[PDB]
Amino acid sequence: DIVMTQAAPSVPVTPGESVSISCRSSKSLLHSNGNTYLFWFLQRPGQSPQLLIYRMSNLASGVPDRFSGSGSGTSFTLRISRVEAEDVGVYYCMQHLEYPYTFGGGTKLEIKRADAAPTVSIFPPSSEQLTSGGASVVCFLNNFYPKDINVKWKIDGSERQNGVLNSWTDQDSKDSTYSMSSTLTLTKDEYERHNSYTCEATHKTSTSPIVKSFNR
Amino acid sequence: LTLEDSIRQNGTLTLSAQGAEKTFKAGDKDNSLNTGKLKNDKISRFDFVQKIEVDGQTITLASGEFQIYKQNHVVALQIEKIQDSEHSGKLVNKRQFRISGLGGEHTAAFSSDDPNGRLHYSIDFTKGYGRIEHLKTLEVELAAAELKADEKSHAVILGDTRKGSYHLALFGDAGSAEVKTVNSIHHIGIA
Amino acid sequence: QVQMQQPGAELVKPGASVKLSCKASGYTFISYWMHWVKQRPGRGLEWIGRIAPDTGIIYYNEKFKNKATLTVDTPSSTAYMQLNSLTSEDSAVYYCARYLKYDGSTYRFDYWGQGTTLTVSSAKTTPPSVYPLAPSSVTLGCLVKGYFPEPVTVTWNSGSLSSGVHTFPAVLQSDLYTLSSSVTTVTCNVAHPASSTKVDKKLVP
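Determination of this PDB entry was carried out by X-ray crystallography to a resolution of 2.90 Å, according to the record.

**Here's the deal with the overall build of chain A**
Check the secondary structure of chain A and you find one helix and 19 strands. For chain A, the spread of C-alpha atoms along the principal axes amounts to about 75 × 35 × 30 Å. Taking the contacts inside chain A whose residues are at least 6 apart along the sequence as the reference set, 58% of them involve residues at least 24 apart.

**Points about the overall build of chain C**
When helices and strands are tallied, chain C shows zero helices and 19 strands. C-alpha atoms of chain C, sized along the principal axes, occupy 60 × 40 × 30 Å.

**Looking at the environment of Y54 of chain A**
For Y54 of chain A, the location among the structural elements is in strand β5 (residues 50–54). For the pair formed by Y54 of chain A and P146 of chain A, sequence separation is 92 residues and the distance between their alpha carbons is 34 Å. In contact with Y54 of chain A, not counting residues within four places along its chain, are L38, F39, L59 and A60 of chain A together with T106 of chain C.

**A few points about the side chain of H35 of chain C**
Residue placement: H35 of chain C occurs in strand β4 (residues 32–39). A polar contact of 2.9 Å, which involves the side chain of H35 of chain C, links it to the side chain of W47 of chain C. If we skip the residues at most four places from it in the chain, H35 of chain C touches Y101 of chain A together with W47, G49, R50, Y95, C96, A97, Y99 and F109 of chain C.

**Description of the interface of chain C and chain A**
Counting residues at the interface gives 35 residues for chain C and 36 residues for chain A. Going through the elements one at a time, β4, β5 (45–51), β9 (92–100), β10 (108–112), β12 (129–133), β13 (140–147), β15 (166–167) and β17 (176–183) of chain C are the ones with two or more residues in the side of chain C that touches chain A. Across the side of chain C that touches chain A, the residue classes tally to 18 nonpolar, 13 polar and four charged.

**Regarding the domain arrangement of chain A**
A common way to report how large an interface is uses the accessible area buried once the components associate. All names here are of chain A. Each domain of chain A was delimited in the assignment, giving domain 1 (4–111) and domain 2 (119–215). Taking only C-alpha atoms, the centre of domain 1 and the centre of domain 2 are 39 Å apart. Every contact between the two is made by six residues of domain 1 and, on the other side, six residues of domain 2. Taken together, the residues of the side of domain 1 that touches domain 2 break down into four nonpolar, no polar and two charged.

**Brief notes about the interface of chain A and chain B**
Residue-level contacts link eight residues of chain A with five residues of chain B. For the side of chain A that touches chain B, the per-class residue count stands at four nonpolar, four polar and no charged.

**Details of the sheet that holds strand β1 (residues 3–5) of chain C**
Residue and element names in this part refer to chain C. Taking strand neighbours across the sheet as the criterion, the four strands line up as β1-β3-β8-β7 in an open arrangement whose pairing is antiparallel. On the outer flanks of this sheet lie β1 and β7 (68–73), each paired with one strand and no other. Across the sheet, the axes of successive neighbouring strands diverge by a mean angle of 20°, strand direction being ignored. Across three bridges, the pairing between β1 and strand β3 (residues 18–25) is antiparallel. Residue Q5 lies in a different strand from β3, and its bridge partner there is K23.

**Notes on the state of the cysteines**
All names here are of chain A. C23 shares a disulfide with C93; S-S distance 2.0 Å. Here the disulfide of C23 and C93 is right-handed, its torsion about the S-S bond being about 75°. You can see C23 sitting in strand β3 (residues 19–25) and its partner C93 sitting in strand β9 (residues 89–95), a full 70 residues away along the chain. A sulfur-sulfur separation of 2.0 Å characterises the disulfide bridge that pairs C139 with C199.

**Focus on the pairing of strand β9 (residues 130–133) of chain B**
Residues and elements named next belong to chain B. Bridging between strand β8 (residues 118–121) and β9 involves four bridges; their strand directions are antiparallel. If you follow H120 over to β9, its bridge partner there is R131. In the sheet, β9 pairs with strand β10 (residues 141–143) via two bridges, with the strands oriented antiparallel. Following the sheet pairing, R131 is matched in β10 by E141.

**A closer look at the environment of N84 of chain C**
Residues and elements named next belong to chain C. One can find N84 in the loop between β8 (78–83) and β9. Residues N84 and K19, 65 residues apart in the sequence, show an inter-C-alpha distance of 8.9 Å. Contacts of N84, omitting those with residues within four sequence positions, involve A16, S17, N66, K67 and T69. Within the structure, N84 has its side chain in polar contact with the side chain of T69 (distance 3.4 Å).

**Digging into the side chain of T78 of chain C**
Residues and elements named next belong to chain C. Relative to the elements of secondary structure, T78 occurs in strand β8. Within polar-contact distance, the side chain of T78 engages the backbone oxygen of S76 at 3.1 Å. In this view, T78 contacts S21, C22, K23, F29, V72 and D73; residues no more than four positions away in its chain are not counted.

The rules we used
Residues numbered from 1 in each chain as written, not as in the entry; some residues may be left out. Chains lettered and ligands numbered in written order. Heavy atoms only, no water. Residues with missing side-chain atoms left out of burial classes, pairs and counts. Helix = DSSP H or I, 4+ residues; strand = E, 2+ residues; numbered from the N terminus. Contact = heavy atoms within 4.5 Å. Polar contact = N/O pair within 3.5 Å; in protein donor to acceptor, adjacent residues only side chain to side chain. Nonpolar A, V, L, I, M, F, W, Y, C, P; charged D, E, K, R; others polar. Domains from an automatic or database assignment. Pairing = 2+ DSSP bridges. Axes fitted to C-alpha atoms, helices over the stretch in contact; angles between N-to-C directions. Disulfide = S-S within 2.5 Å.

Below you can see the structure in the form of structure tokens.
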């Protein structure tokens, strides 16, 4: 089987500059008819792969002029002349010269943008959840950079280490920013035994950490 | 003059030569060609492309050389690039020789890359035996048989090849032959 | 227009079989091959096989020789794919893609199905529990807790409110999934295709 290799796992780039994503093949993708059968694909998170380049250099309908295709035998490269934030995602090369059709590993485009601070949002458990016998305090860390952030909880001034589940978003398609959500799962019982709850975020943005709290 | 059997899948036929391309679309009677207006007793070669349209885009099904023989009253199609729509899905460089011509018939030579061929056949109205030579193939003989309208309203020889099959159509006051050798099944024409 | 419809998700018990469908619309269905692609959770796109509704021929990847069975119904303009003796390593997303039987077009892998999220496990489908999260810009949340299996489709104001939305990836705790979504007459629209549920919750003080 033909082996498609994308040596770069991810490439960083600043908005407005030029990027180059490369892909190598085990055998020449040039057929005797002279046509090189190579595709380039963009998979945005939670979406189906989208054709970008066909025949190694020809742009596909609906693909912006920024995207460019080039290559030879056993060497192929996709180029974005001016990288915008909407280009974040994983780029896949694919051969269809021989069965089995084989994809490349995928190179994620990462956008280096200006350092920004997280925006804390805190939320008391809803009345419906409290009626349901559960209690989940839910904290949001919206629109920050970079992805390295840490989270601490304070139940009545004491730390919590159980039932703390965290989730991280990918790069924002416009803001080039990240976001995070931490959820503290409590019962209707022990949530009713504490008054002060605090969610604390630590980041390079400020020396003094940001914590937002609430009291019932 | 008008060749409708040379079109595939009810598509097009772009014959192109000498900086000019005429597209004969099937279903229209306006398509026509030289009724011997080109040089007689000579094989005139054209570069043809067969195309169809699928979902608003034209796709070439085959291409290659297109040669004709002219008399008072045989079209040959040397395909050089055909599509493997069954397996590869790619326009491969497969070479095949076919014959798809007819002219003005009455009612009652060339081979694959071998332009210099002689057709010496004779027939008398007993109710068509012929010898073919001057070719790469060593030693082919058309087998004599009867003739009839055969629902074509025109006399047809429908002879054999010597284990073969030949067809010659009378005209005026024209044919195609199939032969099977060890190397491959060679297509020959009569004119 | 060309539209290819796939079921959003499907849950089955291990060791059983499943027949994924991919309907087609807006093009001459017999002229196009049908390819199937698996994308497992994490990373990696595998090509499985193509089926020709005109010739009836299936070309397949040897890795899926005994795992996949490709059939087509030209009258209904639908292609099917049957997965057999399902194991845990078959939990993945499966795509269909058109591929014109002819070379020289812009009609190869140019339209992709939305994907079918196939989850194979012994558990049972649980519809989600949706709780609105409420306190110059206002942040509003929406908790979608205790559903199974993935995925869900969180949406705000039927898609009208689409800038500033932050939907977070799910977390697998105690055999069920849970996510949350934010945004900065506001309605949280959650759908769970596996249990066939749509929930519209309004965010109010």
